[PDB]
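S.K.: Going left to right, the sequence shown walks through residues 2 to 54, 65 to 85, 100 to 318, 325 to 524 as PDB author numbering numbers them. Idealized CB from N, CA, C, for every residue including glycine.
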Amino acid sequence: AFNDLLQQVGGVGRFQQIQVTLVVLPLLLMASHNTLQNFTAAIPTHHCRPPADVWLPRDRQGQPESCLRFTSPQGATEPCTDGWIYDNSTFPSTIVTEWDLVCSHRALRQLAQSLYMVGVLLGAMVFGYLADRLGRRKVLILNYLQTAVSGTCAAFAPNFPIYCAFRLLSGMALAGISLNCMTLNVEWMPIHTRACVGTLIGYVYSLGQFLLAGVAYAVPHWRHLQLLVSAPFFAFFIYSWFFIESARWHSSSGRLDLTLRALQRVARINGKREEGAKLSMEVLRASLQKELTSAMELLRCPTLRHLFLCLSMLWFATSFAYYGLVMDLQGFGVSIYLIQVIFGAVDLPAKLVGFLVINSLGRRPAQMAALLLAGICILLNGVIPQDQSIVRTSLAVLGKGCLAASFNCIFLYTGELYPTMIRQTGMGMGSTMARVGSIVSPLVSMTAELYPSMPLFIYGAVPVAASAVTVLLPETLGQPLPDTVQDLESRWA
Numbered sequence: 002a003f004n005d006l007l008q009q010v011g012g013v014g015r016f017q018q019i020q021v022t023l024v025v026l027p028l029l030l031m032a033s034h035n036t037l038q039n040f041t042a043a044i045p046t047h048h049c050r051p052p053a054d065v066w067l068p069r070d071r072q073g074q075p076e077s078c079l080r081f082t083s084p085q100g101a102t103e104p105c106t107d108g109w110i111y112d113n114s115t116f117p118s119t120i121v122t123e124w125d126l127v128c129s130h131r132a133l134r135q136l137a138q139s140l141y142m143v144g145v146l147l148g149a150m151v152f153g154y155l156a157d158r159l160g161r162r163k164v165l166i167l168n169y170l171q172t173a174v175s176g177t178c179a180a181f182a183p184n185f186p187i188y189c190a191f192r193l194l195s196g197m198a199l200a201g202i203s204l205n206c207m208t209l210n211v212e213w214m215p216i217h218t219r220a221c222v223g224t225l226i227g228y229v230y231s232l233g234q235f236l237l238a239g240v241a242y243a244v245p246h247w248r249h250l251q252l253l254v255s256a257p258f259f260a261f262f263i264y265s266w267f268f269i270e271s272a273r274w275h276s277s278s279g280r281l282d283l284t285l286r287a288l289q290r291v292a293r294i295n296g297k298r299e300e301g302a303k304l305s306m307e308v309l310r311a312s313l314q315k316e317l318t325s326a327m328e329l330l331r332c333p334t335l336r337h338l339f340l341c342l343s344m345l346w347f348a349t350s351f352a353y354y355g356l357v358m359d360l361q362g363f364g365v366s367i368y369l370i371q372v373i374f375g376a377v378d379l380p381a382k383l384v385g386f387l388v389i390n391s392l393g394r395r396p397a398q399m400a401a402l403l404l405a406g407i408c409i410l411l412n413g414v415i416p417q418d419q420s421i422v423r424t425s426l427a428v429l430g431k432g433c434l435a436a437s438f439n440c441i442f443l444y445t446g447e448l449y450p451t452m453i454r455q456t457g458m459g460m461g462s463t464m465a466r467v468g469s470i471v472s473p474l475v476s477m478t479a480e481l482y483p484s485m486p487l488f489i490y491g492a493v494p495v496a497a498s499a500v501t502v503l504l505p506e507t508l509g510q511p512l513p514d515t516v517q518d519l520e521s522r523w524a
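1. How long is the line joining the alpha carbons of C128 and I269, rounded to whole angstroms?
2. Whole angstroms is fine: what's the gap from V471's alpha carbon to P483's?
3. Express the C-alpha separation of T284 and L159 in angstroms, rounding to a whole number.
4. Looking at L317: is its Cβ nearer than 9 Å to the Cβ of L304?
5. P473 to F40, Cα distance in whole Å?
6. Excluding five sequence neighbours on each side, which residues of the same chain lie with their C-beta closer than 8 Å to the C-beta of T501?
7. Quick check on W266: buried or exposed, where buried means 16 or more other Cβ atoms within 10 Å of its Cβ?
8. Can you tell which of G468, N412, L392 and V384 has the C-alpha that lies nearest to the C-alpha of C433?
9. With distances taken between CB atoms, is the gap from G176 to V65 smaller than 9 Å?
10. Is the beta carbon of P68 less than 9 Å from the beta carbon of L79?
11. Taking only three categories from DSSP, how would you classify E103?
12. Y111 lies in the alpha helix (DSSP H); which residues open and close that run?
13. Tell me which same chain residues have a C-beta within less than 6 Å of the C-beta of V495, skipping the five on either side of it?
14. Check for me: the alpha helix (DSSP H) holding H249 runs from which residue to which?
15. From which residue to which residue does the beta strand (DSSP E) around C49 run?
16. Measuring CA to CA, which of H48, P84, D54 and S83 is closest to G73?
17. Verify whether the separation of the beta carbon atoms of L481 and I409 is less than 9 Å.
18. Would you tell me roughly how many angstroms separate the C-alpha atoms of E328 and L335, rounded to the nearest one?
19. How about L37 and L250: are their beta carbons less than 9 Å apart?
20. Given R423, which residues of its chain have a CB within under 7 Å of its CB, disregarding the five upstream and five downstream residues?
21. Looking at the strands, I want to know which residues DSSP matches up with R80.
22. Measure from the alpha carbon of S343 to the alpha carbon of each residue in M458, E300 and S437, then state which is nearest.
23. By DSSP's criteria, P75 is part of a beta bridge. Which residues make up the other side?
24. With a floor of 4 residues, list each alpha helix (DSSP H) that falls wholly inside the segment 418-490, ordered by position along the chain.
25. Need the endpoints of the alpha helix (DSSP H) that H337 sits in, please.
26. Does the Cβ of residue 1 have 16 or more other Cβ atoms within 10 Å, making it buried, or fewer, making it exposed?
27. Using a Cβ-based criterion (distance less than 8 Å to any ligand heavy atom), does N184 qualify as near the ligand FAD?
28. Whose C-beta lies closer than 7 Å to the C-beta of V21 among residues of the same chain, with five residues either side of it excluded?
29. What did DSSP end up calling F185 once you bin it into helix, strand or coil?
30. If we count the other Cβ atoms within 10 Å of its Cβ and call it buried at 16 or more, is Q517 buried or exposed?
31. At which residues does the alpha helix (DSSP H) containing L508 begin and terminate?
32. Any idea if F116 is buried or exposed, counting beta-carbon neighbours within 10 angstroms, 16 or more meaning buried?
33. Use the C-beta contact count for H130: other C-beta atoms within 10 angstroms, 16 or more gives buried, fewer gives exposed.
34. Using the rule of at least 16 other Cβ atoms within 10 Å of the residue's Cβ for burial, across every protein chain shown, is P333 buried or exposed?
35. Take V13 and list the residues in its own chain whose beta-carbon comes closer than 6 Å to its own, dropping the five residues that flank it on each side.
36. In whole angstroms, what is the alpha-carbon distance linking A497 and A436?
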């Protein structure tokens, strides 16, 4: 037994203590690299440049129009041609100022985010197979270097295609590093110590936002902000050479001497110089007799369809509602730094109370309550006028907290419901649908010209219909996990 071997060699000692932190360190910058678009592409106030030879319309609010200008001295008007004048009050320079991505090309700002989010999905897909074929350490270091190079070269991009391609490569590598970090940590931790690691992961991810806000305030310029955000990955790659490959993959790959050498090294670096000397080729051979010995069932057989459909719908709806909700800090009214700080601070109590609710009551009432509350909050935010921020901002924050709680709730539910044979496949498909929702969310946010309230209305309407699906999901609180598809058949009967 692998757990028996881990308990014999020393379990969680100095080796694991160093490894967990040295592996989870970059997830602090994970959130920064995920959210950096909102701060490097903030749109400032602008208006049409006066001609090179009083020249600008005004609206009911009294501000000069940003896409119109006079044609006669002080009448008819002609579209802006010469250029644009921006305001350097709060944002000295962004990509919008650099490339004049306003009016006619206002969609390129969202197109950049969409092409970046394609990268995360493609990276997950490719690098899962790459890791399964060539181990975990090599793919980790390759993704480290790719992230470093892509992030460094993205700041120096004379052309929008160059910037977009570098962003897509960065997203690919970030997906790779995240997935491989999670897999390696799970593999090296014992079986019973997995919920603790997941909590740790969640916490780190939540705590990265404060660092993002601090560094963004420190460096307002977009080029320098990008460079400073992507710089530490080089030192991270430098230290990534001192990693040890996981024993599970080595055992499953048909090679035993490497696995035994790694186990002996781990035992002798933790401190158990007596226990680490008892490992033998034949003893390990006798111990490892059970471990040594797809989508077809996930879709075709009628036993998993009625669960896969609902789980995919829930994952997609959650990601679609969350990843577009996050990137709307400018429109509330208060300073975006304070808004980011509040968004990063409110998550912890929401997840705590969500954990309490799901552990004291059934899972379906918690799921439906979270989904419906998030949808209602978003709908009310869309309906309410934007003049008052004291209530609109608070409602948006409450919706974000509810969505954050629902994410963890569904993360637990999917694994706890899927049987032992398709559990990994179901989790992978759920993550894939989540990434698809994250991809489509900016494209829905694109549809703002037809109606100002259409994006918020759609964002608040999707979870409302999504929450009504959860009723069909059977509860599993205080019940043993299903093992075969036949066992689950009796429960639904």
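M.R.: Looking at the coordinates:
1. Translated into the one-based positions of the sequence shown, residue 128 becomes position 103. Translated into the one-based positions of the sequence shown, residue 269 becomes position 244. Taking the straight line joining both Cα atoms gives about 53 Å.
2. As a first step, residue 471 is located in the sequence shown; it is residue number 440 there, counting from the start. As a first step, residue 483 is located in the sequence shown; it is residue number 452 there, counting from the start. The straight-line gap from Cα to Cα measures roughly 19 Å.
3. Here residue 159 corresponds to residue number 134 of the sequence shown, with the count starting at 1. Here residue 284 corresponds to residue number 259 of the sequence shown, with the count starting at 1. The alpha-carbon atoms of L159 and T284 are separated by roughly 15 Å.
4. Within the sequence shown, numbered from 1, the residue matching residue 317 stands at position 292. Within the sequence shown, numbered from 1, the residue matching residue 304 stands at position 279. Contact: no.
5. Within the sequence shown, residue 473 is the residue found at index 442, counting from 1. Within the sequence shown, residue 40 is the residue found at index 39, counting from 1. If you draw a straight line from the Cα of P473 to the Cα of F40, it comes to about 16 Å.
6. The count along the sequence shown starts at 1 and reaches residue 501 at position 470. Sequence-distant Cβ neighbours of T501 in its own chain, meaning closer than 8 Å and more than five residues away, are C341, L345, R395, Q398, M399 and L402.
7. Residue 266 sits at position 241 when you count from the first residue of the sequence shown. When all chains shown are included, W266 counts as exposed.
8. The sequence position of residue 433 within the sequence shown is 402, counting from 1. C433 has its Cα closest to that of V384, out of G468, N412, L392 and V384.
9. Translated into the one-based positions of the sequence shown, residue 176 becomes position 151. Translated into the one-based positions of the sequence shown, residue 65 becomes position 54. Not closer than 9 Å, so no.
10. Indexing the sequence shown from 1 puts residue 68 at position 57. Indexing the sequence shown from 1 puts residue 79 at position 68. The answer is yes: Cβ separation under 9 Å.
11. As a first step, residue 103 is located in the sequence shown; it is residue number 78 there, counting from the start. It is a strand residue.
12. Within the sequence shown, the letter at position 86 stands for residue 111. Looking at the DSSP string, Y111 is not in any alpha helix (DSSP H); the run it does join, the beta strand (DSSP E), is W109 to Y111.
13. In the sequence shown, counting from the first residue as 1, residue 495 sits at position 464. Excluding positions up to five away in sequence, the list reads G406.
14. In the sequence shown, the residue the question calls residue 249 occupies position 224. Note, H249: alpha helix (DSSP H), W247 to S255.
15. Position 48 of the sequence shown, counting from 1, holds the residue named residue 49. First-last of the beta strand (DSSP E) with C49: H47 to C49.
16. On the sequence shown, residue 73 is found 62 positions in, with the first residue counted as 1. It is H48.
17. As a first step, residue 481 is located in the sequence shown; it is residue number 450 there, counting from the start. As a first step, residue 409 is located in the sequence shown; it is residue number 378 there, counting from the start. In this structure, the beta-carbon distance from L481 to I409 does not fall below 9 Å.
18. Here residue 328 is taken as the residue at index 297 of the sequence shown, counted from 1. Here residue 335 is taken as the residue at index 304 of the sequence shown, counted from 1. When rounded, the distance between both Cα atoms is 7 Å.
19. To locate residue 37, count along the sequence shown from 1; it is residue 36. To locate residue 250, count along the sequence shown from 1; it is residue 225. Cβ distance < 9 Å, so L37 and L250 count as in contact.
20. Taking the first residue of the sequence shown as 1, we reach residue 423 at position 392. Within the same chain, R423 has close Cβ partners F363, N412, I415 and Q417.
21. As a position in the sequence shown, residue 80 is number 69, starting the count at 1. According to DSSP, which records beta bridges pairwise, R80 is partnered with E103.
22. What you label residue 343 is simply residue 312 of the sequence shown in a count that begins at 1. Of the listed residues, the one whose Cα sits closest to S343 is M458.
23. Taking the sequence shown and counting its residues from 1, one reaches residue 75 at position 64. Per DSSP, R69.
24. The segment 418-490 contains, as complete alpha helix (DSSP H) runs of 4+ residues, the segments 420-448 and 454-477 (chain order).
25. Mapped onto the sequence shown, residue 337 falls at position 306. Unbroken alpha helix (DSSP H) run through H337: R336 to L356.
26. Residue 1 lies beyond the residue range present for the chain, which begins at 2 and ends at 524; the question has no answer from this structure.
27. As presented, the structure is devoid of all ligands, the ligand FAD included, so that no description of it is given.
28. In the sequence shown, counting from the first residue as 1, residue 21 sits at position 20. These residues qualify, in order along the chain: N210.
29. Against the sequence shown, residue 185 aligns to sequence position 160. Residue state, collapsed to three classes: helix.
30. Residue mapping note: residue 517 aligns to position 486 of the sequence shown, counting from 1. Classification of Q517: exposed, given that the 10 Å Cβ count is below 16.
31. Along the sequence shown, read from residue 1 onward, the residue named residue 508 stands at position 477. Run containing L508: none; DSSP gives neither H nor E here.
32. Start at 1 with the first residue of the sequence shown, and residue 116 comes out as number 91. Taking all protein chains in view, the Cβ of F116 is crowded by 16 or more other Cβ atoms within 10 Å, so the residue is classified as buried.
33. Against the sequence shown, residue 130 aligns to sequence position 105. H130 should be labelled exposed.
34. By 1-based counting over the sequence shown, the position of residue 333 is 302. When all chains shown are included, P333 counts as exposed.
35. In the sequence shown, counting from the first residue as 1, residue 13 sits at position 12. Same-chain partners within the cutoff: there are none.
36. Locating residue 497 in the sequence shown gives position 466, where the first residue counts as 1. Locating residue 436 in the sequence shown gives position 405, where the first residue counts as 1. When rounded, the distance between both Cα atoms is 16 Å.
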